[PDB]
Structure formats: C-alpha cells, structure tokens
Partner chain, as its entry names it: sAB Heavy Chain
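Here we start with a single chain on its own, the form deposited without the partner chain, put down as structure tokens.
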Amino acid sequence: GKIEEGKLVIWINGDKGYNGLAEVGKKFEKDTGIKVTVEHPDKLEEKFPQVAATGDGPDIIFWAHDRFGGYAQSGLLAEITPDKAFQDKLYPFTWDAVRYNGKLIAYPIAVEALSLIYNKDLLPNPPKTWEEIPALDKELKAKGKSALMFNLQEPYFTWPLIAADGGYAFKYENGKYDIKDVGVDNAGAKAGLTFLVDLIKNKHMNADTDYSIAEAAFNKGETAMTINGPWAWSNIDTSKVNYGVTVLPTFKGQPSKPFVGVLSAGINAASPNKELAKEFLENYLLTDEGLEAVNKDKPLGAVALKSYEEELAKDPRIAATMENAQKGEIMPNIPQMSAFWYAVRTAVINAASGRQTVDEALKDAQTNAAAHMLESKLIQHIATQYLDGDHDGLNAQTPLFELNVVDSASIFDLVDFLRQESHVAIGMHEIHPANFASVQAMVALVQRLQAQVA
C-alpha cells in the first residue's frame, strides 16, 4: 500500500521530546528489528488529514486530543483496542478524551490544566476557597499588594469558577456531545459569574486584567496569586519569585473545573502496521521507561500512566496539574466549541463591565452560541451549494448579493433553509436585501423572529 509495512513512522510536533521518542524507537528496534522514524514536519496537524485522506501519512501521530475529533469524524484514526487491564493503567478520565462516537481513537499520553500559582513569600498558606479571597484581599491591600490577578479577557481562564457549581459547555452522556444542550445559563454558571462580578465590583480585581498584565504583576511580586498553566512556569522562574502551584480554590464548596487538554497518540486508519503501533505504544512508550526518556527530552507535565505519574507527581506543581485536571472537564473535541468560546467570551466581558446583568449576559450566551453555529452551518451550505464547495474567504460578513449566490429562484431556497434550521416562519416581507445582505444579516433575522415570537 501507500504506507510501508514492517515499520513505524511517527509524527510529533517540534516542541515535544522527539529525541526522547526516537530513543524509545531505538529500544523497540533493538527487540523487534523494526525501525522507528520520528518526524516533526511543519503544520503536521494540517498535513495529516490531507495525506491520510489519500491512504498515506505516518503510522502514528501525536497531538492534543481536541484535534482528534475532526480526524475521527473523517474516519482517519483506527479504533484502538487496549485490553481492560491496560486501560486500568491510565487515569480513567484520560480515556474520555480519546473517545469518539463510542470508539477509542487514540492513547492518552499527557494532560494539561490550569492551577493556582501563589507567592510563598507573600502568602505561605494559600486559600482553599473562593469565598475567602475578598478578605485576604483587604488584609493584603492594606500593605500595598493585591491577592489575586489573572486573565479575565479569555473565557479559558474564567470558566473554572463559572463551571464549578454546574456550568458546562456541551453535555455528553452517550460519549456524544449534544450541541443543542449548552450549559451556560443555569443556576451554577450564574452563581459563579456573579462571584467573579462581585470581585470586580468590590475592588478585588480589575475588569481589564489580561494575560500579560497578570503574568507581569505576579512576576513583579505585586500580587499573591494568579491562574495559569505549565507554559507560564519558566517565566516565573526567570523571575526570582518564590512561587508554588496548587489546587484551584473551591466555590460553594465545589472544585473549580478547568478545561483539560490531553496529548494523545492516534494510529492512521490507513496504516497496515496497526499491531506494531499498539505494541510500541502500550509496551514501549506508555511505560515508566518510555515516558521518562521523552520527559527528559522535554517535560510532558502530568502524564496519564498512573505508575509514572506517581513518580513525577513528587513535584507538587505537577501534582497540582493532575489534581485540577481530575476535578475539571475534558475539552470537547467538536467544532461547535468555537461557538461556545465566542458566546462565553462576550458574556463575561459584558457581565464584568456591568453592561449586562449576569442573568441577561448568560441568556445571551445561549443565544449567541446558537447564532454562531447557524452561521457556520449557513456558510458551509452556501459554499457547497452555490460555490462548488469553495470555502474561500466566504465569512459571515461577506456580501451575498455581490457573490453569485442569490438567483431569481435561489432566494427561495435560502429562505427555506433558514426555516428548516430555526423552526421560525419567514414571511414574504422579510425577503429583502437588508436581511439577506450577508450570513450575519440572515442569522440576525432568524433570532429577531424567534425573539418576536417569544
């Protein structure tokens, strides 16, 4: 076939320990005689679907799990077959991240999540609850320093508190994310966003803190704690700060829920070398020896193999990562997450500013999530149906009456698509060029009509 039999080719990104991985390949070669090539090509996460669709590419590819949903949707990744006793060797929740439509489609390797990062000097015993930070802020403000500063512009950093009492992005019970059940306006999320908003109202945080500003104030020793991930550690190090990394505070007695990214190894569905790859992944890479080789090349962080995690979890920073990850929520591997992110970004910006109540901000977030998803559905519809499949520059703001889309009769087809997908009636008097000026305009129409009916 297009892939060479009796060999392993592996793609992993350049920032990873590939020299370590190669050394594992050389151990595998020593025992089986099978050679193992480890490559780090540019944009390999875009090449891979393109070469795998044709029946080519690496035997094994490494990437964070969320990308593997689209590869699975396209059928590009073999269903892996670990036995129950091998699965038992990894933290159970890492297996949730490599499931797709009820099949296992990759092996979990390593795991990444936010933690609380604190100044041992200014705060030698960090707080365990959100509820005690307003106090610790006063008694700390009274000496020219603040308690907590972290990036409030990006929902990645604020969602752990918001989800703590019950918010969620997309519900999945069947190993299947339900993209119409979006858990952004429920009792939990309101409790937690209210608390984030009451911190800003009460002078404990500032609504315009972003990533660079929080990272600067903490490395300058001007604040006791920030929220960040293992990527920020080396900057703290260079800093001379006396820093620790621990459990995220609880809210309403419940753990904060950061999103978890899970670095995974999947097997090319087009590879003839499936059992060679499983043998290499279970019996050579996913062992204390395999993982240490890679980890001593470039650190992996908190790893999914229980035995080797207990070793590296001696580093209490790394113990923090895994702990917050276990208490968190797996990043959904579907495309509609970009709709969640957009909806949550706006909702939190507007609530923090006082522009919107927490209530109206989160009900909008439900509305904007649905709007953003129709937009994607409508762009793809137009691309497939009137543009011979060319997603070229066609975005929500593109003038349709310019493009060769709205025919004499095709307008009726667009209207009825809007009807089929939103279950709202569209009268003749709404079929005019301001409503059909762009995809954005078409979606605004649908949501104005739904708002009118309710």
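We call the rigid core whatever largest set of C-alpha positions still superposes within 1.5 Å between the two forms. Shifts are known only where both forms have a C-alpha. Numbering follows the first chain given and starts at 1.
The discussion below concerns the form solved in complex with the partner chain, not included here.
Engineer: On a core-based superposition, does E132 travel 2 Å or more at its Cα between this form and the one not shown?
Structural biologist: False for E132: its C-alpha shift is below 2 Å.
Engineer: Taking the rigid core as the reference frame, is the Cα of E215 displaced by 2 Å or more between this form and the one not shown?
Structural biologist: No; that C-alpha moves by less than 2 Å between this form and the one not shown.
Engineer: Which way does the C-alpha gap of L21 and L114 go in the deposited bound form, closer or farther, given it changes by 3 angstroms or more?
Structural biologist: Closer together, which means the C-alphas of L21 and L114 are at least 3 Å nearer in the deposited bound form.
Engineer: Tell me whether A232 and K16 end up closer or farther apart in the deposited bound form, going by their C-alpha atoms; the shift is 3 Å or more.
Structural biologist: The answer is closer, because the C-alphas of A232 and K16 approach each other in the deposited bound form by 3 Å or more.
Engineer: Please identify, after superposing on the rigid core, every run of 3 or more consecutive residues whose C-alpha atoms all shift by 2 Å or more between this form and the one not shown, listing them in sequence order.
Structural biologist: Residues 2-111, 262-316 form the shifted runs.
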